[PDB]
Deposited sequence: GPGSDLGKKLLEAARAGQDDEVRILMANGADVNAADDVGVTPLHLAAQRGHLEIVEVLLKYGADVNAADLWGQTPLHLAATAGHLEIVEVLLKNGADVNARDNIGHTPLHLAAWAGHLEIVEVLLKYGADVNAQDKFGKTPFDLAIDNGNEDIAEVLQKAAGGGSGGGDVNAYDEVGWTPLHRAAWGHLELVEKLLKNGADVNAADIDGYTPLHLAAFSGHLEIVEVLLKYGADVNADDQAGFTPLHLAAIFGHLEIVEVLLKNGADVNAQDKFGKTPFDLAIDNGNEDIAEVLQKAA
């Protein structure tokens, strides 16, 4: 019964019971159904005194639960700075991998914990480490809007780079970052890069409803009838989501009114089914 009580004491934060249960025959390295030990719970739930007590009692600082997470992974994510420092002070593997391949640095960068990032870097975190989907802590910071962390990670040290889903910087910029799109295209970004699902930046822009970005993409040579493995064309998407001005521009730049998605619908049909009565109307003059 000690293991369960020790896990529950470390979870609740009751440093009272931890030293009582350890004064009895409680195993400091007790593990539950899932591999969670008293040190995981103390680390994740911000219980610093219990972390120091457990580590002093010989807790395995690098114990890994079923998902490969260590107390450092949980502390870096939960944003518990002192616990991270203590764990690192007591031999925590700064570059331990969870099942996705995240390092503590990935998690801190994912979770928006700058002071954790700084600490992990200082204790030897590999800034170039990639999870099993190719993302570095920088990329994770980027995709989550953690600018300062991305700025710190980049400083810690290809416009056509593409991740494991085929998204280039232009795909990410297409979601309402006009100036970024202009810069990337100016620097030689492939305006017709098709992601893993066959979507081009013009697809995403039409789906997102960013007129300015669509226009810029088109005046830079974007295939207005792109459809490799996508199943739609930008004109289909713009017709689904009632973006009249998008439809006007796509047509003006040569959009095919007769193009059929993989379900056999034309942009007119999609506009009819979605109640976009205006788009259907001007699509009727073909």
{"query": "Deposited residues without C-alpha coordinates, grouped into stretches that follow sequence order", "finding": "1-4, 162-168, 298"}
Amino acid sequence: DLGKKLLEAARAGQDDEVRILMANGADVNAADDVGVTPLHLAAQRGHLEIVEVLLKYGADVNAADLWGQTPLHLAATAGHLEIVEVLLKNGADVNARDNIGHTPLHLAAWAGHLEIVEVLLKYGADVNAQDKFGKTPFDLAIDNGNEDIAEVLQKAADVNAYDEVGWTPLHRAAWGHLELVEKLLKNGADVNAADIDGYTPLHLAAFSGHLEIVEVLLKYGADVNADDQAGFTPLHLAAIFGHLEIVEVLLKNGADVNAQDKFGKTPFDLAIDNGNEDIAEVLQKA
From here on, numbers count along this sequence of modelled residues.
| query | finding |
| --- | --- |
| Mean Cα B-factor comparison, 184-192 or 123-131, giving the higher one as deposited | 184-192 |
| Mean Cα B-factor comparison, 86-94 or 143-151, giving the higher one as deposited | 143-151 |
| Peak C-alpha temperature factor (PDB record), options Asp65, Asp32, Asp256, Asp228 | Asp228 |
| Cα B factor band for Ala26 (lowest, middle or highest third within the chain) | highest |
| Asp16, C-alpha B-factor rank within chain (lowest, middle or highest third) | highest |
| Assigned third (lowest, middle, highest) for the C-alpha B factor of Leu283 | middle |
| Chain thirds of CA B-factor: placement of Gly209 | middle |
| Where the record places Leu55 (Cα B-factor, split into thirds across the chain) | lowest |
